[PDB]
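Only one chain is shown below, in structure tokens, and it's the form deposited in one PDB entry.
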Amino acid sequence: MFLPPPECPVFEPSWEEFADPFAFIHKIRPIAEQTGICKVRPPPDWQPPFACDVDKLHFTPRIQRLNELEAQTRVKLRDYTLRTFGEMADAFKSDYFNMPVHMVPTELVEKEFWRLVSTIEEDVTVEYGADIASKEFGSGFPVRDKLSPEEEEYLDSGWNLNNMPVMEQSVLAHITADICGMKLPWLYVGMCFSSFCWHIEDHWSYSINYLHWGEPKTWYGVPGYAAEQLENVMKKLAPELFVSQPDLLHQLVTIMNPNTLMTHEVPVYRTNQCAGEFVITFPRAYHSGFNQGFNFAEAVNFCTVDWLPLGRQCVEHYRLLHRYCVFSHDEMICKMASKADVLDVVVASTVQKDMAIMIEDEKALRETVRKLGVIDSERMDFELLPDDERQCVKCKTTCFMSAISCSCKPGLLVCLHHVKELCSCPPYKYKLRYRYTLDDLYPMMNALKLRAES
């Protein structure tokens, strides 16, 4: 009926290995990128303090229908307190099974979840919390400021997820743009059967997820190399999800039985994440799951230097699909280049290689555009435009290195792949808008080269 996928890798790093989270993720990457997800059990004495008043934490609940292959929208950025939500969640689970809330086997919850989502007769609706930290509901990890206890030793931990949007080895930290949906940690309050649909993280980034407390979270993960296999399977069984959407807050995702994927030769792995354990998702690794009961998790995206080539591939993939970007990859690269003197040495080396590809591609695109008859040009500071004012009309990519404009359509832009998609004017009426000349870009790359040599 339901055949559980094989278990994903579980790591138990020693203290020395657990020290640098980025060094450890780099160490386990050859194993875990084969499974998409993996579990990290921290050293036994790594125990961050969790303290909260369940009566003063409020949040707006989200409602969720549990029907396989039904379209759901990705969460965007009525009221429960944490106590009243917990009482609702506990009464729901215990009444669903007629068993004490904490005595329902996890195997049975898994079997029952995949039964109810597939039965048209069942009409189970659950609720959950999902948002970034705010004054009414803050991070589960300690943050600076009133007076913190001596458990401020977890303030500067690499595994304190609030430090991920600031650590140097995360290239997302250097982004000046306000991408709070991606840079800041998300807080997830779950209950029995509340679920996250199959998805990958934006720009094919990593994510790391910590379960602060509560009943386990059940995960299904698919390695990054099988991403296109999974999408082809879902295109057959749910074509309505693959209709192009007007913006980022309209993306369609769904619940789907992993046995359906396994039947179509898609490798799927599972794990039960328990309180105090991390789950790490790797670039382009599809994942979904559900909560066994009342719990509280915190998750954040991040990008290592290993990710830089994949991040460029992803934006190219977004362009082919006409999907909106969260940020401009080229803007991030150039921002780091302009800070080459204070960059980590290994970061500088990796950024330099990506920038060399960027420059070669940009040079060829400008040659192609010049051969189409675009002659006039002017420097343009793309980073000053709001993101929705610098998307290619055709493919929706966020422009930064260059774009084409015509005075007959004020404010509209196309990227250099879509010069023919702007208007019916002859190309000599167009202007190439460019952030940098080639003569600006090579010294920027040389700064990274010099920095990479100590």
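Numbers follow the displayed sequence, beginning with 1. Think of the rigid core as the biggest set of C-alphas that the two forms share within 1.5 Å after superposition.
Missing here is the form deposited with a small molecule bound; even so, the following discussion is about that form.
With the partner omitted here, the stretch from 338-346, 237-245, 364-372, 105-113 that lies within 4.5 Å of the small molecule by heavy atoms in the bound PDB entry is 364-372. Proximity to the small molecule in the bound PDB entry, defined as a heavy atom within 4.5 Å, singles out one entry of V101, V233, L82, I359, which is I359. The closest non-hydrogen atom of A403 lies beyond 4.5 Å of the small molecule in the bound PDB entry. Among heavy atoms of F18, none comes within 4.5 Å of the small molecule in the bound PDB entry. The closest non-hydrogen atom of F22 lies beyond 4.5 Å of the small molecule in the bound PDB entry. The closest heavy atom approach of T437 to the small molecule in the bound PDB entry falls within 4.5 Å. The comparison between this form and the one not shown, aligned on the rigid core, picks out a single residue among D344, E122, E151, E231 whose CA moves by 2 Å or more, and that residue is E151.
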